K.L.:
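This is the structure, below, for whatever I ask next.
Every chain is numbered from 1 and lettered A, B, ... according to where its sequence line falls, protein lines coming before strand lines. All values below come from the heavy atoms of this structure, side chains included, with hydrogens, waters and symmetry mates left out.
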Number of protein chains: 2
Amino acid sequence: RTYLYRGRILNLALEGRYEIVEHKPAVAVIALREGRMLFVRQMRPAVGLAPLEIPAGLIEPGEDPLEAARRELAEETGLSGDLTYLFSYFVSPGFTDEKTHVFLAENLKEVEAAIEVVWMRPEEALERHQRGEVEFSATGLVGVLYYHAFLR
Amino acid sequence: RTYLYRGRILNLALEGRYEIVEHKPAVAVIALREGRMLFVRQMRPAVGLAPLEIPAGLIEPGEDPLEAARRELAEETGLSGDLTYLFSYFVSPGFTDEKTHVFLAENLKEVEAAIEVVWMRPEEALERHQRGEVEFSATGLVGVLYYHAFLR
Ligand SMILES: O=C[C@H](O)[C@H](O)[C@H](O)COP(=O)(O)O
Ligand SMILES: O=C[C@H](O)[C@H](O)[C@H](O)COP(=O)(O)O
Ligand SMILES: [Zn+2]
Ligand SMILES: [Zn+2]
Ligand SMILES: [Zn+2]
Ligand SMILES: [Zn+2]
């Protein structure tokens with residue numbers, strides 16, 4: 001494990017063959033309300049566009065998944081609710097170790113009044129994408145599929 | 001966009017603030033057969049473990065998503081089938097531009113006889129994970145949720 005770079009949100013290392021990008025673990029929050037899912041959008045310079053996503057972020061030091069989940073929901077949408085741990089996944093285990101912890105939010109309450117809050121019915125997000133009008137981050141897609149799988 | 005590294009499967013660059021890992025687009029194949037989903041496992045040095053995944057890989061030069069999908073299914077499981085484009089997503093648009101194209105495979109036929117082929121019912125993969133016995137890559141999770149959403 002030889003490091004070629006130690007950055008702000010990632011490190012670039014080598015393990016002989018493998019190029020490994022170490023990355024901080026992250027969280028994602030799935031929230032449904034009156035048939036609409038809470039998506040969000042922000043400019044993403046890494047991809048040149050603003051894909052459809054759900055409240056998410058990096059787990060800060062001394063903070064655990066749940067806590068991180070709570071903070072992200074509040075900082076990105078100004079809402080708080082009852083969170084339940086659903087599952088987790090490695091974004092791309094082929095080169096990075098970024099692991100995302102997904103949560104479900106219920107009984108959302110306005111606790112606060114350029115990260116666009118986008119309430120939208122999962123069915124329409126799915127249609128817009130199939131029509132090529134909008135893109136998906138892993139979180140957005142997982143939010144939609146999860147919904148179609150367990151929240152209808 | 002200043003490059004700090006140009007590697008084999010990724011490039012590390014800077015856009016003033018942003019640390020950007022350019023990555024080749026990838027494909028993923030969802031296949032169900034007699035209630036079992038076709039998962040796969042391989043050692044992943046980037047994460048130190050072998051998460052539950054579905055046939056996937058990098059799109060080679062001159063190859064399009066579908067073609068890549070076909071090749072991966074065949075090289076990793078020795079099967080071929082009827083593939084349909086489902087949707088796509090950016091693994092982690094926060095730092096990388098890796099985009100994955102997900103396909104569904106049907107009417108799988110053995111076209112060929114350390115990437116472990118793991119046939120397993122999505123319900124059990126889901127239970128094992130909830131029990132903390134197994135991890136998920138984004139592809140594996142998407143495969144499971146997609147199944148629970150549209151293939152039951
Ligand atoms: O998460 C997997 C990504 O596709 C990585 O880029 C990984 O290195 C790809 O490896 P492979 O082609 O063996 O699936
Ligand atoms: O795909 C998003 C990943 O979490 C990236 O690491 C991204 O840089 C995180 O940014 P933020 O905390 O603003 O969501
Ligand atoms: Zn954030
Ligand atoms: Zn931070
Ligand atoms: Zn491959
Ligand atoms: Zn290759």
Side-chain angles (χ1 to χ4, degrees), chain A residues 17-18 89-95 129-130 132 136 138 141-142 145 149, chain B residues 8-10 23-47 49-91 98-129 134-152:
Chain A
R17 265 61 228 308
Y18 311 79
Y89 65 85
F90 289 102
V91 309
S92 187
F95 76 99
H129 179 263
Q130 297 170 311
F136 273 141
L141 188 56
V142 161
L145 292 182
Chain B
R8 314 173 188 69
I9 75 175
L10 68 78
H23 191 298
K24 289 183 186 297
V27 295
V29 185
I30 297 186
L32 197 69
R33 187 170 189 289
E34 311 188 312
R36 307 196 189 70
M37 188 163 271
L38 179 57
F39 297 100
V40 290
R41 285 190 297 200
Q42 67 200 93
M43 186 35 79
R44 297 300 212 184
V47 299
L49 53 75
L52 202 54
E53 302 179 48
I54 56 177
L58 267 37
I59 302 177
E60 303 294 282
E63 177 182 75
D64 71 21
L66 185 54
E67 294 161 335
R70 170 208 67 75
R71 182 174 52 68
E72 289 302 353
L73 182 71
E75 305 193 320
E76 303 192 332
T77 70
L79 314 176
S80 76
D82 297 300
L83 306 172
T84 313
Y85 180 58
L86 291 177
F87 37 58
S88 59
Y89 65 85
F90 289 102
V91 309
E98 167 169 31
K99 184 171 178 186
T100 317
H101 297 69
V102 192
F103 290 74
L104 177 86
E106 300 172 289
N107 317 304
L108 299 170
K109 64 162 191 163
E110 185 112 28
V111 160
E112 239 170 59
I115 182 283
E116 169 183 39
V117 175
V118 186
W119 280 105
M120 191 188 284
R121 292 185 159 80
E123 295 89 349
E124 283 304 345
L126 179 56
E127 196 194 20
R128 293 191 184 209
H129 179 263
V134 67
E135 304 306 318
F136 273 141
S137 61
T139 59
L141 188 56
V142 161
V144 161
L145 292 182
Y146 180 79
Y147 160 88
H148 279 275
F150 313 102
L151 306 177
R152 288 188 300 181

K.L.:
What is the minimum heavy-atom distance between B/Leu83 and B/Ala69, and which atoms define it?
P.N.:
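So the two residues come closest at CD1-CB, 3.9 Å.
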K.L.:
Tell me if a side-chain donor or acceptor on A/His129 pairs with a main-chain N or O of B/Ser88 at a distance below 3.5 Å.
P.N.:
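Present.
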K.L.:
After noting the C-alpha distance and the side-chain angles of B/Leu73 and B/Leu108, does the key distance pass the side chain to side chain contact (heavy atoms under 4.5 Å, CB included) rule?
P.N.:
CA-CA 10 Å; B/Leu73 182 71; B/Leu108 299 170; 4.0 Å; yes
K.L.:
With respect to B/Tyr146, which candidate in B/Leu151, B/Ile54, B/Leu141 satisfies the side chain to side chain contact (heavy atoms under 4.5 Å, CB included) definition?
P.N.:
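Exactly one pass, corresponding to B/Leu151.
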K.L.:
Does any part of the side chain of B/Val142, heavy atoms only, come nearer than 4.5 Å to the side chain of B/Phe87, both counted from C-beta?
P.N.:
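Touching, per the 4.5 Å side-chain cut-off.
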K.L.:
Can you find a pair of side-chain heavy atoms, one from B/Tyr89 and one from B/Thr139, that are under 4.5 Å apart?
P.N.:
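Answer yes - side chains close enough.
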K.L.:
Calculate, to the nearest 0.5 Å, the distance between atoms CD and CZ belonging to B/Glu63 and B/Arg70 respectively.
P.N.:
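Interatomic distance, B/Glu63 CD to B/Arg70 CZ, rounded to 0.5 Å: 7.0 Å.
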K.L.:
Does B/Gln42 have any side-chain contact (heavy atoms from CB on, under 4.5 Å) partners at least two apart in sequence or in another chain, and if so, which?
P.N.:
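side-chain contact (heavy atoms from CB on, under 4.5 Å) list for B/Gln42, sorted by chain: B/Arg44, B/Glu53, B/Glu76, B/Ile115.
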K.L.:
Can you name the residues that form a side-chain contact (heavy atoms from CB on, under 4.5 Å) with B/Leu49, not counting sequence neighbours?
P.N.:
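For B/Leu49, the residues satisfying side-chain contact (heavy atoms from CB on, under 4.5 Å) (neighbours in sequence not counted) are A/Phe90, B/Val47, B/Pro51, B/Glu135.
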K.L.:
Between CD of B/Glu110 and CG of B/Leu79, what distance do you get to the nearest 0.5 Å?
P.N.:
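It is 6.0 Å, given to the nearest 0.5 Å.
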K.L.:
Please answer whether the main-chain N or O of B/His148 pairs with a side-chain N or O of B/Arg152 as donor and acceptor at a distance below 3.5 Å.
P.N.:
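Yes; judged by distance alone, with no hydrogens or angles, the pair exists.
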K.L.:
Indicate every side-chain donor-acceptor pair of residues 25-41 of chain B with a distance under 3.5 Å to a residue at least two apart or in another chain.
P.N.:
residue : atom : partner  : partner atom : Å
B/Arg41 : NE   : B/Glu116 : OE1          : 2.8
B/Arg41 : NH2  : B/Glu116 : OE1          : 2.9
B/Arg41 : NH2  : B/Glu116 : OE2          : 3.3

K.L.:
Using the six-membered ring wherever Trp is involved, compare the ring planes of B/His23 and A/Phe95 and label them parallel, tilted or perpendicular (cut-offs 30° and 60°).
P.N.:
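Rings of B/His23 and A/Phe95: tilted, 30 to 60°.
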K.L.:
Please examine the side chains of B/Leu66 and B/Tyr85, heavy atoms only from C-beta on, and report whether any two atoms are closer than 4.5 Å.
P.N.:
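The answer is no; the side chains never approach within 4.5 Å.
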K.L.:
Please check: side-chain N/O of B/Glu124 versus main-chain N/O of B/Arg121, any donor-acceptor pairing under 3.5 Å?
P.N.:
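Checked: no pair found.
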K.L.:
Would you say B/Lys24 and B/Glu60 make side-chain contact, with heavy atoms under 4.5 Å?
P.N.:
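No, their side chains stay 4.5 Å or more apart.
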K.L.:
What's the shortest heavy-atom distance between B/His101 and B/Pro65, and which atoms?
P.N.:
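The answer is CD2-CG, 3.8 Å.
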K.L.:
Between atom CG of B/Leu104 and atom CG of B/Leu86, what is the distance when rounded to the nearest 0.5 Å?
P.N.:
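Spacing of CG (B/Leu104) from CG (B/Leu86) equals 5.5 Å.
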K.L.:
Quick one: pull up CZ in B/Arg128 and CG in B/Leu52 and give me the separation to the nearest 0.5 Å.
P.N.:
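Going from CZ on B/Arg128 over to CG on B/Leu52, the span is 8.5 Å.
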K.L.:
Does B/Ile9 reach the side chain of A/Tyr18, with side-chain heavy atoms less than 4.5 Å apart?
P.N.:
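No - every pair of side-chain heavy atoms lies 4.5 Å or more apart.
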